[PDB]
Amino acid sequence: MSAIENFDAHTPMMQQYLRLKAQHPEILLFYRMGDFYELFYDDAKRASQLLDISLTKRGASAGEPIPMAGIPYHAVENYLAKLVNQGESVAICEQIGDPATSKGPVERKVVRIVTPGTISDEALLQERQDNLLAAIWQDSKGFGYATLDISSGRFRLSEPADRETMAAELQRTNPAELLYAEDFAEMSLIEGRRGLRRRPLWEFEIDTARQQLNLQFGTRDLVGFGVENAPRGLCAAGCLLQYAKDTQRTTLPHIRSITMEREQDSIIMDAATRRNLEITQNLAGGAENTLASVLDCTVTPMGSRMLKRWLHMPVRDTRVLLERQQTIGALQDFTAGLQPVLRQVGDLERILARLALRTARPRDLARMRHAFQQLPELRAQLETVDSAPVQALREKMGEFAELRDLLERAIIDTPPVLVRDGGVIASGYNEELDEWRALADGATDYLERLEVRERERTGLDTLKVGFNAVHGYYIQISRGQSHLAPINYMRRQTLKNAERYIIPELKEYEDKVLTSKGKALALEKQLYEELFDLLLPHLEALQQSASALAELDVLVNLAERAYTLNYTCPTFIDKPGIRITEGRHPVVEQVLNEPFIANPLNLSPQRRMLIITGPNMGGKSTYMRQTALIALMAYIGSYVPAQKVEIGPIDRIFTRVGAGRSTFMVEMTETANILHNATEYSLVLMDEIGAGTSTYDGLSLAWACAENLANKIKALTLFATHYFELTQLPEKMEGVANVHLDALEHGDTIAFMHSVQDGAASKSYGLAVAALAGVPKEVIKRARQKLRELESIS
Amino acid sequence: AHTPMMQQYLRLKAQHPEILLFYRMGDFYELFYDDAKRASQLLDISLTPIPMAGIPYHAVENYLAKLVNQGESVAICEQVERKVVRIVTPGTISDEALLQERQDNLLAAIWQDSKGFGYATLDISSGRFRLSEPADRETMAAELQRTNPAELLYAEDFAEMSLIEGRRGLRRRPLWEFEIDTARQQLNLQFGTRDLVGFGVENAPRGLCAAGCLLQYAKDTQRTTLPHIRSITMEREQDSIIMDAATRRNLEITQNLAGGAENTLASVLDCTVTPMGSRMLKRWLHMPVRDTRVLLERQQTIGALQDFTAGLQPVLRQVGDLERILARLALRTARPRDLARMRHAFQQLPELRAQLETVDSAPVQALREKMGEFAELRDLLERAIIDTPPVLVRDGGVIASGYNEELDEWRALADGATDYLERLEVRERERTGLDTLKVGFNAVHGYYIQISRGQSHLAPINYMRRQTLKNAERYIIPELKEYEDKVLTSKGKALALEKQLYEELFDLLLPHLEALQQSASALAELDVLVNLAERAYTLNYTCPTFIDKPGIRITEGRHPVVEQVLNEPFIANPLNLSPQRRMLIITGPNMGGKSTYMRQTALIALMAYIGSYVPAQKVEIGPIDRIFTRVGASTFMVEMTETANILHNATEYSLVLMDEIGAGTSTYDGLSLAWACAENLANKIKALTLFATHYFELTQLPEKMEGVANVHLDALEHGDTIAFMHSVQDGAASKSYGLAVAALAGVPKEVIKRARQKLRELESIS
DNA sequence: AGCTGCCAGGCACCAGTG
DNA sequence: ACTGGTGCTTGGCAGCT
Ligand SMILES: Nc1ncnc2c1ncn2[C@@H]1O[C@H](COP(=O)(O)OP(=O)(O)O)[C@@H](O)[C@H]1O
Ligand SMILES: Nc1ncnc2c1ncn2[C@@H]1O[C@H](COP(=O)(O)OP(=O)(O)O)[C@@H](O)[C@H]1O
Ligand SMILES: [Mg+2]
Ligand SMILES: [Mg+2]
C-alpha cells in the first residue's frame, strides 16, 4: 500500500541503491555514502537491532521517508564481527568513481560479501579452529559434498553413500556456512545447522562445475586431481566455488587443487562414535577433557588445527602411518629445541591466504618475515636427525632467503595495523619516497623557527604556531594581545580567548606540506601493493612451507606427548585383530586423581566378540572407549597409551549407546545401521540400552543382534551388557567369549577394581549397587529373598 | 609498586576484594586482574601487561543485570580522587532495568543448629519476608530448589555444605551475624513490635537467626530504611505439599527439562495480565497448600468470577506492576514514569470496584476492599505530573502547569525571554539583510548570533566574533548576554523547584504506603484468580471436591499441557485409587502413554491443591503431604538414589509415581528390586502409588496381595505402522511391541525372526 | 581528565534568485 | 535551471572547563 514506487518516482540515489540491493535481496547491504556505510528500509531496522545503532530517516520529496542507519567507514570491522558471529552475511558496496567528475550519483560496485564461511581476516576467526564453507547435495542414489577452507586453499570433495555417513561427515567437518540444493530430501541432516543457505538447483549442474573448476585450476580436465570420476561431489564443488568467487570477487590463486576423500582411505566413524569418544568436544559441548585437550600442545595455530583434522580422520595407508611414527621416534630428543623456534613461525598459513586475496596487512607481512627468520635455525636443527621423512619436511619448508631480505628492506621493524595512514615502508627502499618525506622533519624544524621569529619580531609573548585539521596552519595570538597583531596577518579562525591568522609564507608551507603528504601516501600504497606483486609468484612453495611447518608442529608435538605420557609405538598385522598389553584410556588417566588401572585386550577373527559384564561403575564403558581411542591414535601415526599394541586394519568404528521422542525406536534404528553396514574389518562397540515393553522383549533382540554380529557379519565386537543371560552366548556361538570387570564384595559394601578378567562374572551386583545408593535395608533383604526364588529356577 | 593510576585501583579493591570492581576510565568502566578474567568469561567481552576488560557507560545497567543474574555483586568506582559510590548485590536490586518482570528475585539466609536448620527469604521489592525450620537435609534442599535465591547468606561453620556448594551468589558470613538476641532486637525494631508473637514466629529461634542476618545484610546493602518490610511469616511443613527437586523438575511446573519456559504447566495456566500476578501464580504452583479452607475459597472465587473476566482483564492489565513500583516509593528511588504508572493504576480502581460490586462471593468482596480507591492521591498526581513525563526528573519538564503558582511564574519569564530572542533573530535579520542570520545556543558560548561564512563579512561592526566554524561565524552582543541571563536563571529556579515539588510528592504518598501495599497485593491475587477463572471456563476444567481420606478418583482426566500442545486428540483416562486400591502396576508399550498418565495424575493433584479447577469431568481427592516422582532419564545410581529417597520419606498420604525401576541392571536383580519396592510401597508405606514397569512378572502381584491391581495400555497395528492407543484399561498387558518397533527401524527380518524364537523360549519358563 | 558538539562526505531537499 | 543553505547515522577529538 501507499507510494507506488516505480523507477521514475525514485531519486537517482535510490534507483542505484535498489538495483544493487536487488542483486542481494535477502542479506544486509552496507552502502557507501562518503565517510559512512549506510543501510535502508528493513536493512536499517534490522541493522539497528543487531548492531545496536540509531534508526533514523532520510528526507523525501516523493511520499514516505526512508528508514536509515549506518556506521563510520573506519569502524566497519567491529560491526562486521558482530554480524558474522550471529550468522549474518553482509554485502560491502564501495564507491568506484570520482564524485568531482560524476554528474549524478557515483558508480558503486559491491566489492565483496562477508559470509560466515568465507571470512579470512584475523579478527573475525578463531585461532585454533577451522572455519569451513561447505556444499551439500542429494539425489536418488546418494550425496555429493565439498568443503573449502578459504583461508588456506584446502578444497575437498566426497560422495558419502548413505544418510549416516553424510551425517558423520557434517559432524567431522562442522562447516560454518552450508550451501544446499533446493530439492534436498533429507532435511533432518541439515535443519538447525548454522549458516544454512538454500541455493538454486542450477548451481549444482555438472557441466558448469567441470568448466568452472578446470578454469580455476588451469587444467583441461580433472583427471590429475582424482575427481574426474566423481560427478556427485563435483556438483557440490561447483556450487561451492561459485559462492566463493561471488563473495571475494577477486582471483583466488591459493585454490590450486581439489582432492577426493574416498571411504576406504580413512576409518569412517559414525556420528555417535565421535561424540562418545569426545575427540574435540565433550558431551556437555565444551572443549575440556577431550582427546585433543590432552594430545594438543602444538605451538602454532595452524599445527593445532592440523592435529584435530588428523584425530577426526585416521588414515589407512600403511606407508603414511609408518613414516609418521618414525618421525615421532626420530624427533623425540629434539623436542625442547625445536618447539620455541616453531612457535615463532606463527600461523603462516592464514597470512598466506590474506596474501593471496591481497588483504594482507603490514603486521601480516612482518610476521611472515619473522617466520622466514626462523627457517635457518630449523634447518640446522633438523639436519642432524637421520630420518628420511624428517629430511623431506626440511626440504618442503624451504628457506626463502630472497624474500626474507625483501621484507627486511621494505618494512619497518614494528609497523602499524593498517597501511591507510602510512608509516609502513622503510627508509632506503624507494628513493622517491624519501625525498617526499622532506616534510616529517621539515615540520617543527620550520614551524618552531617561524614561531620564535614572529614571537620576537612582533613582541607578543602568547604567539604560537599550530595546525588544525579543519582550518589549517595558523599563527595564534591571545584575545588580549590580538589588537596588537600586524595588519598583514590575514584572519583565519576565531575562538573565545584567542585569534588565529594566516600569512602568505605559512599558507605556502601549508599547500606544499599537504600536497607532498598526499604524494608520499599514494606512493607508499603503490609500493605496498607491489610487495604483493613480488611475493605472489612464490605462493605455491610458500603454502607448501606452511604445511610442512604445521605438520612438523603436529609430529614434534606427538613425540613430546608420547614421551611425557608414557606411550609406545603400535605395530600393524595383516588381519582384523587388536592385542593390547597394559592399555589405558588416554583422557580418563589424565583427569583422574588416582592411578588408572591398565588393562589387556585380545581380539581376533577366532575371538571376535567379547561379552563384557560387571557392575554399574565397574568400568565397562571405559574399557570399550579406550579400545577405540587406541585404534584411532594408532591410525593417525601417533604412539599409543599402552605397554604394547598390535592392531589389524579397521574400516569403520560403530558406537551404539543408549538414548527426540521414542528412545527404543532410535536405539533400534541405530542398531540397524550397524547390522546393515558393518563388515569383518569394522570395530563395533555395543553399550547398554533401554528395555523393550516387556521382560525379555529387548533381550531377545540383543541376543539376535549379538548372534548376527558373531555369525554373519563377523566384525570385532565389544558388547557391554547388564543382561547376564548373554553370558551363555559363548557356549552356543563360535567367535564369542565372556569377559568381565572385577569387583570384591566384602561385608555390606562393594569395591570396583577396574580390572578385566577372562570369563563371565561370578554373579551380578544389582542389589549391591542399590544398597550403595541408600535403598532401605528391609527392601534389600526382601529383594534378596525374591532373588533366591529366581535363582532356583535352574 | 606500580604506575600512579594503578596505585589507586589496588587500595580500592582492598575495601571490597570479594566483589568485582568496575573502575571508571573515560567512557568505560574497567576491571583488572582476576576481575578482568572472570568478567570476560561471564559477559562475552574481550581480554587485553595488566589484564583489562571494559564495558561502555551507556550500557552499564544492561551488563550490571547480566552479572547480577549470575550471582555477582558489583562495586562501581567513580571520580583525581575516587571512591566506591555504588554497589548492586543480586538479592537486593529493585531497579526495573536490573530485574526480570515475571521472575521472583530472592535474598536468602541459611544456617545450622545441632537441633536443625534455619531458613529465610526476602523479596526486597514486595516486602515478602518468610522463615522456616526444615526438619532435615532433604526438606532443606527442597526449600532451596523451590525458593531459588539469587543470593544466599550462610554461616562460616556450615557443616552441610553439599546443600549449597554449586549455587550462585554464595555469601560467607561471620557466626555473630546469626546471634539470636541481636536477631530479635533488630527484627522487633524493623516491625515496630515488642515481641514477634503477632507474626507467629516468637518460638522459632533457628528461623529468626537466619532472618536477622538477612535483615542486617539487606539494610547494609541499601543504607536506607526499609519501611515496606513490616511483616514476617512462618511456613510450616504441614501447610504445603512437599516436592523434591527431581519431582519439581519432572512435572515441568515453570521450567521444562531443557531449561526453557515453553511447554510447562505455567505456559498453559499463566495468562495473568500484570507481572505481579504472574509471579504470585508461580509461587502458588510451586507451593500447593493443604488447608482446604483456603482452597474452597479460591474455587468459589474462580466460579463466581466466570462472567466477569472479559470485563476485568483489560482494566487489570493497566494496573501494571504496582508491587515493584511501590518498592521504589519506599526507597525514594521512584522516577516520574513510576509515579505516572501509579497514577494510571489509581485511575482504574473505581471501574474495578463497580465491576466486582455484583459478584456474589465473600472473598471477592474482601479483595475489592483491600484494593482501595485512593482518590485523593489520584488527584494529586493528576495535578502534579504531566500526561507522559520524561524518564528522569533531572532535566525537569515533569511537573504540570497549574500545580504551583511560583513555578508557572518562572516558566513565563523563561518563555518570555526565549520569545524575545526569537524576535531578536527576525529583527536582526531584516536589519542586516542577511538571510542566513539566526540565533543558536551552546554550552561554551551561551546564546550567539550565527552568520554563514559567505555573508559573514557584512556583519555589523557592533557584533563581537567568538567562534569560527568551517562555514559560519558566531558573534555575541550585549543584548544577547542580557537575555541569556534571563532564560538561564529562570530555567534554573524552575528546575530546583520542580525537584523540590517532586520530593514533596514522596512526602504525601508514603504515609499511605501500608494500604498501598495491601492494594497491589490484592490486585495481584485478583489477577491470579480471574486468570484461573478464565482458564477453567476456556479449557473445560471442573471443580474437584475433597474427601477426608486418601484417594484419587478421576473421571475422564487429561494432562493439562500435553492436551494443549499436540494437534492429535487427547484420550482422557480414569483413575481410581483408595486405601482399598492403593497401587496400580502399569504395563504396556513404549510411547504407549504411561509417563503421561502418571504425570497428569500429579498435575491434577497439584492443581487441585492450589485451588484451581482441573482438566477432568470429575475429581474427588484426599489429603496429600508429598508428591514423589521417579519418572524419566551414572543413570542407574541416580535412579536408585531417588528410589531410596521415596522409600525413606513417603507416607500413607503420599502420591508416589515410579517408572521402570529395575531397568539398568540384570533381569533377576532388577525384577527383585522392583518386586520388593512394590511390596514395601503397597504394604509398609501404603502410599497411593502408580508403578510403571516392563516386568510382566510384576503383574502376578494383585493375586499375591491386597490393594494391588493391574492396568495397561495397548497398541494397534495397521498399514505399515503402530498406533499406540493411549487408553488405560483394566488388567495386565498380553502383548509386547519391542520386536515390532525393531522391524520398522530396519532391523533385518531374519534377526527379528531369531528374536521371536528366543522370546517364546524365554517367556515359557514363566 | 571530562562533557559537548563540530566534523568526516556522500546525497537530497528547499527556498531564493535566474 | 543555478547557489547556498539544511538533514543524518557514529567515532574522533578540539576546545572549553
Ligand atoms: N580402568 C580404570 N581405572 C581407573 N578408573 C576407571 C577405569 N575404568 C573406569 N574407571 C572409572 O570408573 C567410572 C565408571 O566407569 P564405567 O566404564 O562407566 O563403568 P560402567 O559403564 O560399567 O557402568 C569412570 O568414571 C572412570 O573414572
Ligand atoms: N492419553 C493420551 N492421549 C493422547 N496422547 C497421549 C496420551 N498419553 C500420552 N500421549 C502422548 O504419547 C507420547 C508417548 O507416551 P508416554 O507418555 O511417553 O508413555 P510411555 O512411558 O509408555 O512411553 C507422549 O509424549 C504424549 O504426548
Ligand atoms: Mg557404561
Ligand atoms: Mg516413559
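Every chain is numbered from 1, with letters handed out A, B, ... down the list of sequences.
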- Message: Less than 6.0 angstrom from the centroid, inside 45 degrees of the normal: does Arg32(A) satisfy that with respect to the ring of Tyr37(A)?
- Response: yes

- Message: Work out how far the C1' atom of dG18(C) is from that of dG4(D), and round it to whole angstrom.
- Response: 14 Å

- Answer yes or no: are the six-membered ring centres of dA8(C) and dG9(C) under 5.5 Å apart with planes under 30°? no

- Tell me what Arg108(A) touches on the nucleic acid: a base, only sugar-phosphate, or nothing, going by heavy atoms under 4.0 Å. sugar-phosphate

- For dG5(C), the sugar region implied by its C1'-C2'-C3'-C4' torsion sign: south

- Item | Nearest to side-chain heavy atoms of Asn468(A), which nucleotide of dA12(C), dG15(D), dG2(C) | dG15(D)

- Note on the structure: note: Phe467(A), atom CZ; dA14(D), atom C1'; distance rounded to Å ~ 13 Å

- Query: Which listed nucleotide (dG12(D), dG10(C), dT9(D)) is nearest to the side chain of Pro99(A)?
  - Reply: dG10(C)

- Query: On a whole-Å scale, what distance lies between the P atoms belonging to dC8(D) and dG12(D)?
  - Reply: 22 Å

- Query: Is there a side-chain contact between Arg491(A) and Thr468(B) (heavy atoms, below 4.5 Å)?
  - Reply: yes

- Item | Distance in Å, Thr489(B) OG1 paired with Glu484(B) CD, rounded so as to fall on 0.5 Å steps | 10.0 Å

- Where the sugar of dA8(C) falls when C1'-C2'-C3'-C4' decides north versus south: north

- Query: Any side-chain N or O of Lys496(A) less than 4.0 Å from the OP1 or OP2 oxygen of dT17(D)?
  - Reply: yes

- Item | Spacing of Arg453(B) atom CZ relative to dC7(C) atom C1', expressed in whole Å | 14 Å

- Assign each of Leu495(A) and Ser54(A) the nucleotide of DNA chain D bearing its closest heavy atom; nearer the 5' end lies the nucleotide of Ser54(A)

- Query: So which nucleotide does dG9(C) pair with, by the Watson-Crick or G-U wobble rule with both distances under 3.5 Å?
  - Reply: none

- Item | Nearest to side-chain heavy atoms of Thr56(A), which nucleotide of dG10(C), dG11(D), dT9(D) | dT9(D)

- Side-chain atoms of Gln450(B) come closest, of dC3(C), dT9(D), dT6(D), to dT6(D)

- Message: Pick the closest DNA chain C nucleotide for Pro72(A) and for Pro105(A) by heavy atoms, then say which residue is nearer the 5' end.
- Response: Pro72(A)

- Query: Of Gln15(A), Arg19(A), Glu5(A), which meets side chain to side chain donor-acceptor pair (under 3.5 Å) against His10(A)?
  - Reply: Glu5(A)

- Would you say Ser452(B) reaches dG5(D)'s phosphate, i.e. side-chain N/O to OP1/OP2 under 4.0 Å? yes

- Message: Taking 4.0 Å as the cut-off, does a side-chain nitrogen or oxygen of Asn471(B) come that near to OP1 or OP2 on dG5(D)?
- Response: yes

- Message: For a quick test of reading the model: is some side-chain N or O of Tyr79(A) closer than 4.0 Å to OP1 or OP2 of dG11(D)?
- Response: yes

- From CD of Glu38(A) across to P of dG10(C) the rounded distance in Å is 12 Å

- Task: For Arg82(B) and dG2(C), give me the distance from atom CZ to atom P, rounded to whole Å.
- Result: 6 Å

- Message: I need the OH-P distance between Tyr473(A) and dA14(D), as an integer number of Å.
- Response: 14 Å

- If we only count heavy atoms from C-beta on, is the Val110(A) to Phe30(A) side-chain gap below 4.5 Å? no

- Task: Round to the nearest Å and state the distance from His445(B) atom NE2 to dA14(D) atom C1'.
- Result: 12 Å

- Task: Provide the closest heavy-atom pair for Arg363(A) versus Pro415(A) in the form atom of the first, atom of the second, distance.
- Result: NE-O, 2.9 Å

- Message: Based on whether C1'-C2'-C3'-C4' is positive or negative, which pucker family does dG5(D) belong to?
- Response: north

- Where the side chain of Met33(A) is defined as all heavy atoms beyond and including C-beta, which of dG5(D), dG10(C), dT10(D) is the nearest nucleotide? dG10(C)

- Item | Side chain of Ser61(A) - closest among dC8(D), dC13(C), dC11(C) | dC13(C)

- Which word best sums up how the rings of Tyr509(A) and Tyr446(A) line up, parallel for under 30°, tilted for 30 to 60°, or perpendicular for over 60°? parallel

- Look at the side-chain N and O atoms of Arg500(A) and state whether any lies under 4.0 Å from the OP1 or OP2 oxygen of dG15(D). yes

- Task: Check every strand shown and say whether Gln16(A) touches a base, only sugar-phosphate, or nothing at a heavy-atom separation below 4.0 Å.
- Result: nothing

- Classify the nucleic acid contact of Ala443(B) as base, sugar-phosphate or nothing, counting any heavy atom under 4.0 Å across all strands shown. sugar-phosphate

- Task: Starting from P on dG10(C), measure out to CE on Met14(A) and report it in whole angstrom.
- Result: 16 Å

- Query: When you check the sign of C1'-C2'-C3'-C4' for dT4(C), do you get north or south?
  - Reply: south

- Item | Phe36(A) side-chain proximity, nearest of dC8(D), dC11(C), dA8(C) | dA8(C)

- What are the two closest heavy atoms between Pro362(A) and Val419(A), and how far apart are they? CG-N, 3.9 Å

- Note on the structure: Assert: residue with more 5' nearest nucleotide on DNA chain C, out of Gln95(A) and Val444(B), is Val444(B)

- Query: Where each residue is assigned the nucleotide of DNA chain D containing its nearest heavy atom, which of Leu39(A) and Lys438(B) is assigned the position nearer the 5′ end?
  - Reply: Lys438(B)

- Note down whether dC8(D) puckers north or south, where north is a positive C1'-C2'-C3'-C4' and south a negative one. north

- Select base, sugar-phosphate, or nothing to describe what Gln467(B) touches, counting heavy atoms under 4.0 Å on all strands. nothing

- Message: Distance check needed: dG9(C) P versus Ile71(A) CD1, whole Å only.
- Response: 17 Å

